[PDB]
Amino acid sequence: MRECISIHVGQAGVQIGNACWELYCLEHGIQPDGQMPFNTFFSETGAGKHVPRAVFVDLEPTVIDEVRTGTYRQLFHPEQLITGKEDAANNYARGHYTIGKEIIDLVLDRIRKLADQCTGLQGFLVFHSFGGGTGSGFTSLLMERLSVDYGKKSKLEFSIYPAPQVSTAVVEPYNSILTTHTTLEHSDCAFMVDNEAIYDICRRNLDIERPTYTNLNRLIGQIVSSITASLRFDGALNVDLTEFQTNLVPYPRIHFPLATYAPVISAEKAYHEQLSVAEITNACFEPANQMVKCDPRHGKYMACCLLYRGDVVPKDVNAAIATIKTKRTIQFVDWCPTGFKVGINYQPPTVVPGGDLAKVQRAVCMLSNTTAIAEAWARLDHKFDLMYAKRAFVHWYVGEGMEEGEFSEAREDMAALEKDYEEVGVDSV
Amino acid sequence: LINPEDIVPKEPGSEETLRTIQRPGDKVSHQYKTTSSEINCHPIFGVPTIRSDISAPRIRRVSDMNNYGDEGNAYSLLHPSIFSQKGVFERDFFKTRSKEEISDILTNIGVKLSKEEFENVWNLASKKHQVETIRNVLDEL
Amino acid sequence: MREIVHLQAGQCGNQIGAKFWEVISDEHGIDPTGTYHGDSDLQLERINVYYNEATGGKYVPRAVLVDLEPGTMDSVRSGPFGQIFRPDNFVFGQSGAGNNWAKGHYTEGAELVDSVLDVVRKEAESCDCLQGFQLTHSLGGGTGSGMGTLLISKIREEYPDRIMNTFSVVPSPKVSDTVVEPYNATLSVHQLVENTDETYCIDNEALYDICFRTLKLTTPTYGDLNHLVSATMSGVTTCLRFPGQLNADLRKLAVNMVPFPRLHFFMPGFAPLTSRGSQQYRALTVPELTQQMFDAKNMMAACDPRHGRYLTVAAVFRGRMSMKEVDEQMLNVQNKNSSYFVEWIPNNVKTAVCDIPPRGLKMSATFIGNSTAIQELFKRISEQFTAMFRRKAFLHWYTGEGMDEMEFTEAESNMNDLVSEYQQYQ
Amino acid sequence: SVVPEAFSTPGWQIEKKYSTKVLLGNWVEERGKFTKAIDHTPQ
Amino acid sequence: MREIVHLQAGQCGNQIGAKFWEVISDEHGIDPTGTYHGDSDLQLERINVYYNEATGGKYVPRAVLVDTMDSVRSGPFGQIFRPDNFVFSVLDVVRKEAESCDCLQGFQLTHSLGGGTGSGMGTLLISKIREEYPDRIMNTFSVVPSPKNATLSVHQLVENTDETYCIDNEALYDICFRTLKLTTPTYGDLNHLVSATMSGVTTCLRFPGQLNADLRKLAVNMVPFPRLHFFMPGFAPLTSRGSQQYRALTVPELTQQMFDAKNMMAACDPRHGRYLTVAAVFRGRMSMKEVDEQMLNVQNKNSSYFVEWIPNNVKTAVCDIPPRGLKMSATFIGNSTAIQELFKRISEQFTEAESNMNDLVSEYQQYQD
């Protein structure tokens, strides 16, 4: 009964939420209509139905409307499926000031109605990104209105990080640097994904050319099911949800860690070669398998949290952890000689039917807080500097209420965030 | 002279109305299925951690580090049965012996058994199986 | 053994009560051709409360159906249940009622003694026992505040001891039908004070409001509007009619709720109301019915109950129920909301239990409430009186049939003196 | 004190009205026919 | 929830808007007498954007014909219209439909910038609607004269609409002779091709696509400064009766013909042009690494020619519902420096209006620099 609220907001978080509630329903005996022929995510009504704990709030009409006509329409409360009128047009003053202000009285009651129903609530699972007027601006509306009400509670957001070399938005860095302006105050674990690496993970290991978006929602789906297995399945070494705010963040603005999942493999390679415990954690650290676009060889790992799963034995884990920490390649930080953290559970890696994965007995999920992501913040304000110099694209953000008085105020705050990988990276004597 | 089917009308769950005709070359149902709308048992691969599927070797090499299982739990090494104290074990239990071997076992282990009872015990043991079987069938029946 | 006499009058009362004798039909399992079909023998032992007997097992209701028109008795016989009603007790009038309370009350005052009084004494004396007298008139019409509300002062002249229980339909200005509603409804609430102890109040805007906010149906007819009152009227006698745990009756609901002889204007409610799309997603248990029970949107008289403190509050219950939490949330709502109850009275809540849930439900909880914000109903209908009286505009219909100007001034001269009691004890 | 409302509960203001196939205001609660089922009177 | 009021003003706008209504009606499955055909459930979900219905399966558009009209009603789909608003008053009918509407967003006015009806009455009526609904987007499709009247017309229009589409018949003719091998350019074919280019960008308003971007978002994305708003259209997968079996169909193939210079709607020069903002709206069932990779690969092939001092010089959109017949299609739209040549010729061809045109030419020059 360590429950969480699982909102899916913006477009870039709801198709994953399609794939998120597939993977929870297939894991158990719950059908799409919610009848079981679970208590973390699901509320149960005595007629025979189960109802998930998920509110699907977005301004865009069709992506919620494709669910109410979809094959999962008999799952949710149909008052949770909340829609406004017009989209936020990737404009911060449209998804947070002019159209987003109309829907905040409703969704203050809806997080209150679910939490009055829950008993041992332990936090939130919001699913957003870092580019949206209704995906990055509007999640900073549903964040500051909760810490004034719920306050001390464990918030885990899965946010598509803006990639180094690819993107599709244009006026993106004006409010991404405004997203971080308040989520430094009120977010405690804001996980991030670049999709550019998963574009190439499929091309090397998975025997995949031409991958869609439906494949990346499943691999993001597993990482959410890897971190939430320790609530619905008792294990040898549990990791609960208040423990993530003492394992990971060492100083209160360094709370942005990575994620990967090692034995992504097809059915013709996994048949040929085995999978021990001492090699799926060796496959974690190799630079061709992290799911976020980064090269870890220039980065010193601060605090891994290896989440194992399936058929593992705890001496096989500690045999493998000392082989790896003696390696001369991968570097660490001197004032964290502890370093790692394990989690072992007795529930296997699931498989979606009709998928591309193979039935592997063991699968791991390492969630590495690292150093190397600081130089990906060198480029996210270098991009911001050039547009803002000539006042380019400002003529619309000033259209709906915002002014120039905040855009430089945010840049110094993202300048001060880049400094805090240098007071802590330069070692004491 | 009419069809036996006349549909409901309101989209909400209505008063009757006729079925609207879809004209030829204007059926777009088979072509306009959105993949998102579309979005709306097997063998097992790898090795087991116990390696019970492979047969066990008779005489082990020194280099043998594989997991076989014959080494039981530490509780079964710290409080052994007298069989394990006498050096006999579960493969000697589960091995296929002979009719004459079981017949020599019967009158020499201290059990006097009728011939029909021995035939019934062998039948019940073979029905119980897809020594342990003989002792279990003799204890139950 | 405690038989209940229902007096249905008017174009209202023969189409409101025409839904009321339908939930009495299925909760006793009565076929629309007279005989009972069912299996459970709990509901024919107290069949005599509402259903007299004849030969061949046939059950006709104790019913009075009167009008000054022949208009609506060509409609109540035209429903599905028209064969059930008794043949002689449709008491006709070949002429028309015609919107005025002057034609029914004094011109047809001498007509009603042959009409309704001679059918009631034929009937109500013939029962082996009696309990009370329950009439439903529209205040704003011609027959209900005509023939009917004079009878409220006629049978009460014969038998003073019994209990009057008027589900009264007071109009509202927003949804309106006739422009002279200060001339037929103001001229009847002066008579209700002396002669009707238990006086409910039903509105026509709050009833559409309930079928907008709650049941979410977009084009509500009158038939959907009249089951939110027909469940209420059947749901108040759930202990005179069925077994249970803590039975109550129409004296036990009046001792708790009438502290003073003129502080007796109640207002209704009905608990388990939820929409057409989310049926199974709501868990109908005790703490959700009592959260539906108390708020402003659920209550059937169109008033905001927050401006005025409840002097007293009643309830009733049904269904296989555990007593503890029922008696516990009504310990909280008196305690947390001390602002919206008066002081100087220790207890303010009454509860009563039955055993059988209604048709197709598991629990139910009808609400009856005496609040001191019913003066909001009776200030707006006197706000418009003397703002119309000063031009005397529609008076020339009333000096021509037998009532003076001088009884017009007294009907509002005591209307304020009703409100002068609710305001003092606020 | 007022209490919160969703979209298109009262209809005291006058709206144009569509057939419920078109996904419009207050579509779902009129799409679903109201359902009830009973077996008998309990004991 | 987006809404549209469509007005055909002036003759050329009348005959192109007629083909507009024919194209949207065939894509939505309505018999021209007005009855609905419901082969798929996606056809009627957002018909509220462009239509209001009638009793008995009949539908009728939100369109006013103001200026020919007997010829239009005698044409293919005249019977759908409302015969009470054929005005030739305009204020009363525009508030009638815009007051019966719920939440308004944008207006589709078909006119020209070269004549006495499409220009002066166009500017008058855009003034008369911007004075009534100051929070909408006026998509005013326009035809300008060939560089081989508008100065009177445009200098209130550039203040008001910002969504005009001005290159024309010479480019249309050369498209028809070269990339189609189409021997006889009829007027109706050009009306057809402009009308399909209209309908290409109206699927994020009517269908659930994948990257859903409505008209206000398009305005914020495309227009940097409030006076640089004249845009360049084009429709990609066009070919002849022969070359279909010789060509293939992929996202890298339609990228070639949406950035083909001979395909765009322009008698202009991208070799002298520099695109500030590009949007490529795709329709069909297509994988999206192909879309994004081909996007930035064709931006990678030209570093000079897409604009400098802008990191992402392009934008893609995609919907899940293709056109009729074709498995997938593309429509390219641009905002370049390749358009002031028309302004230079039309200015070398009152005086404060000419000065304001010289201001706009210098505005392009000082921002290209």
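Just a few scattered comments:
By letter and in written order, the chains are A, B, C, D and E; residue numbering begins at 1 in each of them.
Going forward, contacts are C-beta pairs under 8 Å (C-beta built on N, C-alpha and C of every residue); 3 or more make two chains touch, one makes a residue touch a chain.
Chain identities (UniProt): A = Tubulin alpha-1A chain; C, E = Tubulin beta-4B chain.
Central chain (C-alpha centroid nearest the global protein C-alpha centroid): D. Chain centre most remote from that of chain A (Tubulin alpha-1A chain): C (centre = mean of CA atoms). In whole angstrom, the spacing between the mean C-alpha positions of chain A (Tubulin alpha-1A chain) and chain B is 39.
Each chain gets one centre point, the mean of its Cα atoms, and the points for chain C (Tubulin beta-4B chain) and chain E (Tubulin beta-4B chain) are 64 Å apart.
Centroids of chain C (Tubulin beta-4B chain) and chain D (each the mean of its C-alpha atoms) stand 27 Å apart. Annotation for chain C (Tubulin beta-4B chain): residues touching 2 or more other chains are 277. Within chain A (Tubulin alpha-1A chain), residues 63, 65-66, 69, 78-79, 212 each touch two or more of the remaining chains. Residue positions of chain D touching 2 or more other chains: 19, 21-23, 28-33. On the side of chain E (Tubulin beta-4B chain), the complex with chain A (Tubulin alpha-1A chain) involves touching residues 1-2, 41, 45, 103, 105, 207-214, 216-217, 219-221, 223-226, 277, 287-290, 292, 295-296, 309-312, 315-316. Chain E (Tubulin beta-4B chain) contributes residues 44-48, 52-53, 100 to its touches with chain D in the complex. Only residues 34-37, 39-49 of chain B touch chain A (Tubulin alpha-1A chain) when the two sit together in their complex. Touching chain D in their complex are the following residues of chain C (Tubulin beta-4B chain): 29, 38-40, 42-43, 209, 212-213, 215-219, 275-277, 279, 295-297, 306, 320, 356-357, 359-360.
Chain contact summary for the complex, chain A (Tubulin alpha-1A chain) toward chain C (Tubulin beta-4B chain): residues 45-47, 49, 51, 77-79.
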